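Derivation of every value follows stated rules applied to the coordinates shown; laboratory data play no part. Virtual Cβ from ideal backbone geometry, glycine too; neighbours counted across all protein chains shown.
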Amino acid sequence: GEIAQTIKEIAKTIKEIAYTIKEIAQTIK
Amino acid sequence: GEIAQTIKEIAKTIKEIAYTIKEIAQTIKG
Amino acid sequence: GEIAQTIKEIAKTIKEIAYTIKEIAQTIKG
Amino acid sequence: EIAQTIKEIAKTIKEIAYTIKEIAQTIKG
Amino acid sequence: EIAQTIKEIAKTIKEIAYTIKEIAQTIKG
């Protein structure tokens, strides 16, 4: 359903952000 | 409908953030 | 209601973050 | 549970918003 | 599960909050 699919999309995108910010932390530290 | 529309707006904004943070990571990466 | 108000607060804060990360990208690289 | 979890998310996102503003301010002329 | 997905989002956002603080400390330190 539309609510479930949107929440899944949010969860996936937040995990992408978490991976990118970890890559930034690795480049800097 | 208000809940569906608001969480869609949140999803779109988070996708904007995901693109920008990747641009930042790439500029600083050797 | 509490759920509606919290989701509104989340949406507003994420928009603030999206603008700050765009300002970081602009300051670093334009 | 749902109300409390989304309140926790709202608070954590406000913490992130403060930290990202600190980063933006340090690098800005 | 809606509750479980929102809990997973809350956990990922807490990871992001920690990582961004580590980045801010390395840049400002």
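Look at segment B:4-17 and say how many of its residues are more than 7 Å from chain A (Cβ to nearest Cβ) and of a type in the set (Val, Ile, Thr).
Selection size over segment B:4-17: 2.
Restricting the search to chain B, which residues are of a type in the set (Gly, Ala, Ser) and over 11 Å from residue C:18 (Cα atoms)?
Across chain B, the qualifying residues are B:1, B:4, B:11, B:25, B:30.
Kindly provide the set of residues from segment E:1-17 that are charged (D, E, K, R), in a helix (DSSP H, G or I) and more than 7 Å from chain D (Cβ to nearest Cβ), ordered by number.
E:8, E:11, E:15
Residues in segment E:18-29 that are farther than 14 Å from residue A:23 by Cα, more than 7 Å from every other protein chain (Cβ to nearest Cβ) and in a helix (DSSP H, G or I): how many?
Residues flagged as farther than 14 Å from residue A:23 by Cα, more than 7 Å from every other protein chain (Cβ to nearest Cβ) and in a helix (DSSP H, G or I) within segment E:18-29 amount to 1.
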